[PDB]
Structures are given as structure tokens and as C-alpha cells.
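Report on the following structure.
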Amino acid sequence: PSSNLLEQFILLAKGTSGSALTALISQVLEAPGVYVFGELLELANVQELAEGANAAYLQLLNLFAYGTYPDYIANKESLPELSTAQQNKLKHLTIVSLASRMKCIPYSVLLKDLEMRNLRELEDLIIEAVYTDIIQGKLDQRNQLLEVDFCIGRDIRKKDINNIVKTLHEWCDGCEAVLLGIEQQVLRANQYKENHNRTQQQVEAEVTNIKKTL
Amino acid sequence: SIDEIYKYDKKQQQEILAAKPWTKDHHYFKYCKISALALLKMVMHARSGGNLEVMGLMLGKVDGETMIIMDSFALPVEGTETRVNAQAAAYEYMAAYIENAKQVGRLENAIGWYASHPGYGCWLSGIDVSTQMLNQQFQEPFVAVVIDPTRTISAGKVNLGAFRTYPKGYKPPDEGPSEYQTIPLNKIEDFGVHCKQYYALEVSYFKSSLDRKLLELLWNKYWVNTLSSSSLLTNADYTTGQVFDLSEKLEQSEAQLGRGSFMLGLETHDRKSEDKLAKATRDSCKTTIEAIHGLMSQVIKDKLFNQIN
Amino acid sequence: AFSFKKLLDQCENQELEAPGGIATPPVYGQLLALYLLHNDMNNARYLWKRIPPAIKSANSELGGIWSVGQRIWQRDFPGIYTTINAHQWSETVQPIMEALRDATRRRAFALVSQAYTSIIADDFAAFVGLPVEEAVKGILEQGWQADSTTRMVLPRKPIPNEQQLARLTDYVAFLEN
Ligand SMILES: [Zn+2]
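Chains as they are written, first to last, in PDB author numbering: chain G, 7 to 220; chain E, 24 to 332; chain H, 10 to 167, 191 to 209.
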């Protein structure tokens, strides 16, 4: 029901705004379920908050859209104080960014990036993220590694579109190269078959010539 | 010409049936060519039978030492063969279907029978041998084809065999590779009793328009999951048994050669020894090339997927 | 190394095309020195036996190089370094003798690292032809372990897609016919 709640707040943001909108955004950051905040940022009333006097909540929402937990720690003076749900949601989002790059996350990296001291609560944060359909994977406690098979994505500052295009172009070029290699292998196999047929026809011609000789 | 085999020459078939060259040699028929349509229909019937044996008739023709198959059709089996044999109202539907095919075109007559062995391999039981011996006494050009739906899933490749019986009293020659097959304990006794009363034909296809269309379509349609791991040969069973059979055959050839080295002037021994060595070599080569193809597909696909960019 | 191999090939060719059948003493000296560099003891020994004694008597430096080669055959590294640094090598022999000394250092350094989990500092010092103390700092900067109490040294032991496709195609072509 997060998407339905997200759409209702989008409809409400088209009307009422101001301090109510900032409190509404804070409720979004506290209500579990919402893992995508790009749709909220596209609203014109968010841009109204840009020129408005209040900016702590907008910088808070902006960080949840693109930034991670370590950025929020540095901005403890400029961002509104978060709740337990808000901190957990940001930590889950930070894990999403970490799991997006590397599919195997050692426990050392987990304890470092999320200000994680106790490993027991680290497991609780990890299992909570998995159980809410955020990340999919398996945990390796002997090697202290977090193997993530599948994870959700994140929003883009319109600057990663170029990276997406470059990656798609590289994939297309690789596919074309493999297709050309397969065609070359097929041609080589056809040439080998032709050589074998030429050897067979030479043998049969030699046999027929000797038969005619005798 | 890919479609040349589909041409039916009635007079030529009558000429072959009048000539009866199979009476001159009990090993006359060596090859069995099966049409894609026939194969598909038979396999589908076998798997619909599930764990129960089903059977049907095969329509086709003969060409030299080769028996050809095109069609196949179920016979009313009320109450799962509550009467003797899986026939009941047999030629009722059969003869109707036959006149109906002479009407809509299909002129290929009965060339054999197929039977299914769900989960116990392709071979002829005592009952199968009696049935095929009868078929080799009335419709002399007949072939007992056995399918295996459960092994079709287990090994991945369809388990299929084509067989012909020897007449009562007649002994096979020494030549005989005899590929090893896993036979369950409730069937192994009967298998062993009758295994030398028949021989296996070489089963081969010839591509075709039926193949081209069918293959392409279903292939693309379901192989989007092109992975299917990549090696269904990973199961030791098949490969291991094949290699064991090869070893046994080659060791038998060696024992023969060692005893034949004392006899000076036995050309037949040299002939059969060379033939057995050659058969062993080709079987090994086919297994090797299959494994190489599997590895090629695996390598290409894995390299493409993992580190393309 | 590559230039030394090219020089060795040229020297070997010059020996084969010798007009009078005998090469100049500089060529023989370079040939013997280059064989010692590559640790080709068999070729060096056979070349020394091939050289007539007249050149050996007329060129005491040639005998000195052979004595160095004999030390290399016996693999007495303290003797090898002492003999290398004892005889003055000419301008055509000094640079290659220095390369031979460097080659001996690398060979001994790797030999100890492989077969010696623990080695006495004096033994390692003798093997590398350096006194003990700066040899320790030479291997500490090499990321090795040294025990000062027992004077023991603990060294730390350290196809493209196209080719694969070609090899698989060769598989298929061979097994097809
Ligand atoms: Zn049966």
C-alpha cells in the first residue's frame, strides 16, 4: 500500500503545501514501505519549497533521494532530526546503494558505512531489509560476507542517463562482436566441411581413375 | 533433396514386397529412419501414458536395408486393456483411419509397432519378443520400437530404440557391441533371458521441412531460458555406463586378438576385431563431440553473461 | 637480457662462419660469458673444451672465466661472488660479468625463498654474497620475517576468447571428418 499512500500524498501535494507538506514528507520518511522517492521530487510543489524559506526538510528529502547515510551524519546540523524509522529507512537505502555496486558485502564494510558497532543489530537490520522485499541474497557468517543476489534500485540525478546509454552501447557492441564471432565460426566449419568433401571427391576420382586404368 | 524421402512410390514398394530380400538375410534391416512428426507423436503418447505402458502402430515403408516411419495412432483401449492385448476395438479405428488416409492422401502402410517402457529403458521383454516374432511371421517387414518418457526427462535426450527379432532356433554372430542400460531388479531377469533373441537397428533422421519448422518454432519459444544449466550430461549415469560398455567391448576384443594371434590363417577374426575396434572408436568420438559442443555453448554463453562489460 | 640474447646469437653465428675456423678472443670471451649468464652450464663446458689450449695459454682471462664457470657449476655462491669480483674483466667482459653477478643474486634470492622456510642469517648472507646486517634490511623491505634471537630468516614465498574459440573449432573440425 506504499504506492497508493505515495500517490495520495502526491495528490495532496498538488494542493496543500508549506509546513504541512514538510510534515507530510517527514511522515513519508517514517512510514515503512516507500523505497522510491523520485516521484515525490518531480512534484511542482517540491520546487516551490526550493524557493521557499524552509530548506532543512528539502535538503532532508534531497538526501534521501540521492545521498546515503554517511552524508546524513555529516549534515546533522542542517537536517531535521530523524526518527528510528527514518534512520532505518536511510540505512536500508544505503545498503541498496552498497549492494548495487558489489554483490558481496563483507561485514567490515557494513560496520563502517552505517556507524554499526554491534554485529547483532547489523543482522537485525539486514534481515529486516530482506523481509521487506528490499534485497535478496544469502549471508555467510563464517567468511563475514553478505551475498546479495538481487536488490532494488535508486533514483538518478539525470546525470547517470549518460552512463546508462554507455553501458547499453557497450552491451550492444559486445553482442554484435559475439554474433560476428559466431558467424566466423560457422564459416570456418563450412570451410572445413568443404575441405573434407574435396578430400573425399579426390579419393573417389583417384579410385575411378585406377578402375578405368585396369 | 530434403523432401525426396516424402515421395511415395507404390509400385516400387510392391516390387520390394514381392522380392522379399529380408528372407535371404536375418540381419538384412540395419537402419531405422524416423520422421520428426512420428517421433513427436510417439513421445507425446508415451508421456501421456505417464507411468503406464501404451502402444501404437507405425506407418511407413522400406528402402534397401532401411525401414522408414511417418505416422502412428492410438487404438480404443476401454478400461486400460481390460481384454487380451492393448487392442480391444483395434482395426475398427485402424482400418477406418487407413481407408480415410487412402482418401485424404496418406498411403504409407503398417511398418511396425511402438511400445513405451516408462522408467525402465529401451529393450524387448519376453512378451515383446513373442509379439515381434509373430509380427515377423505375418507382416515380415515389421520393427518393434520402444520409447522411455521417464528417461526422456532424466537424461534429457529421448530414450528410443528400434529392434527386430531372430527366428526361433537361429543364433546371432559373435559381432555385437550391446550398449549397457540400467535395468531395474524387477525387470532384469526377463531382460537377461531374452536379450540375445533380437538385435537393435541404427536409428537415424534426415532433417526435413517438418523438422525445420517444428524445431525452430518450439526452440525459440521455450529456450529463452537458454541456460538449462548447460550440461545435462553432468549426471554420471549415462556417460559412466557408456564408457564402461566401451571398456568391456575393447577388453573382449583384446582377449580375442590374444587368442587369435596363435591361429595363423583366420581372416574372419581379424575382420570382426577391426570392426569392433572401429565401432568402439566412433562411439567414443560421438560422446566426445557431444561433450565438446556442450562445453562450447557453456563457455560462449557464460562469457557473454558474466563479464561482457 | 634481450640485447644479451641477440649478442649471443650473433656471437654463435660468427663462430660458425669463422674464416680460419677460430674466432677472435673477444668473441670467445663473450660466448663463454653469455653462456654463464643464462646458466647454460653444458654449452659453456663444451665450448671451453672446444677452445684450443693455445688461446687459453695466450689469454689468462679466458681461464679466469672458466674458473668462474666451475664455481657456478659447484654452486658455491660465496666463492662465485669472490671469483667474479677478483679478476679484472675487460670493457667487453665487465658489463656481462656484472649481469652474471646480478643473475646469481636473483637466482639465489628465489632459491632461498622456495626451499628455505627458515634459514640462518649467516647462511642467507653467504648465499646472496652480502654481509648479514644490510641483508636483513634488504629482506625486511621485501616483506619477510627475521628472528633476531635465533638469527633465522623466514622468507615469504610469492587465454583470450578468440584462442579458446579457435581451439574448440579445431576440436569440432577434427571430430567431424
Ligand atoms: Zn515392452
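For each residue, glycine too, the CB sits at the ideal point set by N, CA and C.
Flag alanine 138 (chain E) as yes when its Cβ comes closer than 7 Å to any non-hydrogen atom of ligand 1, and as no otherwise.
In this structure, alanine 138 (chain E) has its CB closer than 7 Å to one or more heavy atoms of ligand 1.
Within the continuous beta strand (DSSP E) that includes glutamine 330 (chain E), where are the two ends?
Taken as a continuous stretch (DSSP letters only), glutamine 330 (chain E) belongs to no beta strand (DSSP E), as it is neither H nor E.
Could you name each continuous alpha helix (DSSP H) segment of 4 residues or more that falls completely within the stretch 27 to 99 of chain H, going from the start of the chain to the end?
Counting only runs that start and end inside the stretch 27 to 99 of chain H, the alpha helix (DSSP H) elements of at least 4 residues fall at 34 to 46, 50 to 59, 62 to 67, 69 to 83, 86 to 93.
Check whether the stretch 221 to 238 of chain E touches the stretch 53 to 65 of chain E, counting contact only when three or more Cβ pairs, one atom from each stretch, lie closer than 8 Å.
Contact between the stretch 221 to 238 of chain E and the stretch 53 to 65 of chain E is present, because at least three Cβ pairs lie under 8 Å.
Here's the rule: buried if 16 or more other CB atoms are within 10 angstroms of the residue's CB, otherwise exposed. What is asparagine 248 (chain E)?
An exposed status is given to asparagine 248 (chain E), since fewer than 16 other beta-carbon atoms sit within 10 Å of its beta-carbon.
Checking contacts by CB at 8 Å: is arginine 204 (chain G) closer than that to chain H?
Judged by the 8 Å Cβ criterion, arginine 204 (chain G) is not in contact with chain H.
Assuming contact is defined by CB atoms lying nearer than 8 Å, are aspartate 166 (chain G) and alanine 71 (chain G) in contact in what I supplied?
Their beta carbons are not under 8 Å apart, which means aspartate 166 (chain G) does not touch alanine 71 (chain G) by this criterion.
Would you mind working out which of E:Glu290, E:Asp325, E:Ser276 sits nearest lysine 302 (chain E), comparing C-alpha positions?
Among E:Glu290, E:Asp325, E:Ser276, the Cα nearest to that of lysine 302 (chain E) belongs to E:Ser276.
Of all the options E:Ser139, E:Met67, E:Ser296, E:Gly87, which has the alpha carbon lying nearest to the alpha carbon of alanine 167 (chain E)?
The shortest Cα separation from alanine 167 (chain E) among E:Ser139, E:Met67, E:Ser296, E:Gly87 belongs to E:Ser139.
Quick one: which chain G residues come within Cβ less than 8 Å of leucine 197 (chain H)?
Residues of chain G whose Cβ lies closer than 8 Å to the Cβ of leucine 197 (chain H) are, in chain order, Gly187, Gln191.
Among G:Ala80, G:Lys82, G:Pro76, which residue has its Cα nearest to the Cα of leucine 116 (chain G)?
Closest option to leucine 116 (chain G), Cα to Cα, is G:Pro76.
Hey, out of H:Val77, H:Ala124, H:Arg84, H:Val141, whose CA is closest to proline 167 (chain H)'s CA?
Closest by C-alpha distance to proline 167 (chain H), out of H:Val77, H:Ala124, H:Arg84, H:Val141, is H:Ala124.
Selection from G:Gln53, G:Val42, G:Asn124 that minimises the alpha carbon distance to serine 8 (chain G)
Checked all of G:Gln53, G:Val42, G:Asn124; the closest Cα to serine 8 (chain G) is G:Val42.
Compare the Cα-Cα distances from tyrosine 31 (chain E) to each of E:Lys125, E:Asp197, E:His49 and report the closest residue.
Looking at the Cα atoms, E:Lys125 is the closest of the given residues.
Is it a yes or a no for the stretch 118 to 133 of chain H touching the stretch 141 to 150 of chain H, going by three-plus beta-carbon pairs under 8 Å?
Result yes; three or more Cβ-Cβ pairs closer than 8 Å.
Under a CB-based cut-off of 8 Å, is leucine 250 (chain E) close to chain G?
It does not; no Cβ of chain G falls within 8 Å.
Just to confirm, are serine 253 (chain E) and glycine 192 (chain E) a CB contact at a threshold of 8 Å?
Result no, Cβ atoms of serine 253 (chain E) and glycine 192 (chain E) do not sit closer than 8 Å.
Apply the 10 Å Cβ neighbour rule to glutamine 159 (chain E) and answer buried if 16 or more other Cβ atoms are within range, or exposed otherwise.
Taking every protein chain shown into account, the CB of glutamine 159 (chain E) has 16 or more other CB atoms within 10 angstroms, so this residue is buried.
Residues sharing a beta bridge with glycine 83 (chain E), DSSP
Beta-bridge partners assigned by DSSP to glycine 83 (chain E): E:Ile92, E:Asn132.
Are the stretch 56 to 72 of chain E and the stretch 148 to 156 of chain E touching by the rule of at least three beta carbon pairs closer than 8 Å?
Taking 8 Å as the limit for Cβ pairs, the verdict is that the stretch 148 to 156 of chain E does not touch the stretch 56 to 72 of chain E.
I believe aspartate 155 (chain G) touches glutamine 142 (chain G) by the beta-carbon criterion, under 8 Å. Please report the beta-carbon distance rounded to the nearest angstrom.
In this structure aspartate 155 (chain G) is in contact with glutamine 142 (chain G), their Cβ atoms being roughly 5 Å apart against a cut-off of 8 Å.
Rounded Cβ spacing between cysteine 308 (chain E) and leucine 200 (chain H) (contact assumed at less than 8 Å)
With 8 Å as the limit, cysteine 308 (chain E) and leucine 200 (chain H) do not qualify as a contact, their Cβ atoms being about 16 Å apart.
Cβ contact (3+ pairs, closer than 8 Å) linking the stretch 44 to 59 of chain G and the stretch 81 to 96 of chain G:
Fewer than three beta-carbon pairs drawn from the stretch 44 to 59 of chain G and the stretch 81 to 96 of chain G are found closer than 8 Å, and the two stretches are therefore not classed as touching.
Between the alpha carbons of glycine 24 (chain G) and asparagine 10 (chain G), how many angstroms are there, rounded?
Going by C-alpha positions, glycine 24 (chain G) is about 22 Å away from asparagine 10 (chain G).
Helix, strand or coil: which one does DSSP assign to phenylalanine 52 (chain E)?
The three-state reading of DSSP puts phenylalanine 52 (chain E) in coil, since its state is none of H, G, I, E or B.
Would you say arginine 126 (chain G) lies against chain H (beta-carbon separation less than 8 Å)?
No, no contact with chain H.
Let me make sure I understand the geometry here. Which of G:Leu17, G:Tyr198, G:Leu128 has the alpha-carbon closest to that of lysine 118 (chain G)?
Nearest option by C-alpha distance: G:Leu128.
Determine the direct distance from the alpha carbon of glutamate 13 (chain G) to that of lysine 164 (chain G), and round the result to whole angstroms.
Spanning the two alpha carbons is a distance of roughly 22 Å.
What are the boundary residues of the beta strand (DSSP E) that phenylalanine 156 (chain G) is part of?
151 to 157 is the span of the beta strand (DSSP E), which, as asked, contains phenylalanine 156 (chain G).
Assuming contact is defined by CB atoms lying nearer than 8 Å, are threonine 103 (chain E) and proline 141 (chain E) in contact in what I supplied?
No. Outside cutoff.
Under 7 Å Cβ to Cβ from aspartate 268 (chain E), same chain only, skipping five residues before and after it: list those, please.
Hits under 7 Å: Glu202, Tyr203.
Can you find at least 3 beta carbon pairs, one from the stretch 175 to 187 of chain G and one from the stretch 62 to 69 of chain G, that sit closer than 8 Å?
In this structure the stretch 175 to 187 of chain G does not touch the stretch 62 to 69 of chain G; the number of beta carbon pairs closer than 8 Å is below three.
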